[PDB]
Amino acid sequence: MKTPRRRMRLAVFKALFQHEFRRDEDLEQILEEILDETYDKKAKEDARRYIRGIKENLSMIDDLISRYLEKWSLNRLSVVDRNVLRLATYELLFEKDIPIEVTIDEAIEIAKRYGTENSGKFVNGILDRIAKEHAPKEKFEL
């Protein structure tokens, strides 16, 4: 049996979340602590691709998101909101055959699960805006 993408994405989120309290450590090493053999070969490869992509483009991703936050900057957001946005933005921009609504709706689920009462609505709004202006043109043709 194969590990679902949703479970793979959750491991990526957990690594992002845990890193916020261990900023002197490597995001990639934190992901490996989370990954184990209960995940299949592809899921571990996929989670690594996501974490590497987010880590290697973090400043670009953060600055991209920052343009949609008026004066309540990214650093002032909760750990959950900030990282769901980072994860979803990476997916919208670099994971080619995933429809925009799948990325946004599955990101909202993570926000509702671990965030506060307005987390889901907040991230849905920001991601709708980011997707409209930053998703590759081909993604709209899916």
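Don't overthink the numbering: it's just position in the shown sequence, from 1. What we label the rigid core is the largest C-alpha set whose atoms superpose within 1.5 Å from one form to the other.
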In 4 other deposited structures of this protein, rigid core aligned: more displaced of 116-124 and 5-13 by C-alpha RMS: 116-124
So which moves more in 4 other deposited structures of this protein by CA, 71-79 or 57-65, given a superposition on the core? 71-79
Pick between 66-74 and 44-52: the one whose mean CA B-factor in the entry is higher. 66-74
As stated in the PDB record, which stretch has the larger average Cα B-factor, 115-123 or 7-15? 115-123
Ordered by C-alpha B-factor within the chain, which third holds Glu20? Give me lowest, middle or highest, please. middle
Among modelled residues of the same chain, the CA temperature factor third for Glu37: middle
For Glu101, the third of its chain by CA B-factor is the lowest
Chain-relative CA temperature factor third for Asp26: middle
